[PDB]
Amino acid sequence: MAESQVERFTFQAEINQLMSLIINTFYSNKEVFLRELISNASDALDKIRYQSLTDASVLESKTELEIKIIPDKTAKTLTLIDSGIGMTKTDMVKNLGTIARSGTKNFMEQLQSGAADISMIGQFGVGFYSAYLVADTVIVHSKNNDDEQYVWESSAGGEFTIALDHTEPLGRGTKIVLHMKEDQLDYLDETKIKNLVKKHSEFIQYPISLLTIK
């Protein structure tokens, strides 16, 4: 019998409102979700790479600096794995929903008015939540050199959980798994996702591997 300690957290009020707005509103073009996944991976890779310039030992946990993208139609998931800096448990708590972001209120105001559209979400410091444009549930597995591997999960509804993760060790970095909404499954089509990755990785300075499940 397996045992797991799970901790529940509540999203900061405006983040919760943003998630509701992202989930319960129609958006014609949701491609920004992929831009934001890749950008977060690139930022995490930069962070560990620059740390390695001043402390080479930080790469011992995983020498490669790369991104892997895995569309899986049977599972109805899109997965993106980076070997960036990773998040400790408290990093997840602080960065993935409990702490207010300066731009959340202003973004929602500009969405409501028409001053901004959904593609601009990254400019407002809340890009991560774009995953909920296309996914019902988001699962974030992460391993930072300073902590054990943890998994964050949320289907929105105002809460998320974090638990120790005993699934496939990452060595270092982050694996984000999007459980795709029925009406967004086209994003798992081989040519569609290949093109989207090309389009949204033009200036990315790390190798990307894109799988297709036969």
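Throughout, we count residues from 1 along the sequence that is shown. By rigid core we mean the largest C-alpha set that fits within 1.5 Å across both forms.
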query: Stretch with larger C-alpha RMS deviation in 8 other deposited structures of this protein, core superposed, 24 to 32 versus 43 to 51; finding: 24 to 32
query: Of 190 to 198 and 19 to 27, the one with larger mean CA B-factor; finding: 19 to 27
query: Mean temperature factor over C-alpha atoms, higher-scoring stretch between 141 to 149 and 45 to 53; finding: 45 to 53
query: Selection by C-alpha B-factor (highest) of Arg172, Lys68, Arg35, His166; finding: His166
query: Residue with highest C-alpha B-factor in the PDB entry, from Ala75, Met92, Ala135, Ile121; finding: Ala75
query: Ranked C-alpha temperature factor of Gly127 among modelled chain residues, by third; finding: lowest
query: B-factor third for the C-alpha atom of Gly114 within its chain; finding: highest
query: Assigned third (lowest, middle, highest) for the C-alpha B factor of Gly86; finding: lowest
query: Within-chain third of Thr63 by Cα B-factor, per the entry; finding: highest
query: Chain-relative CA temperature factor third for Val177; finding: lowest
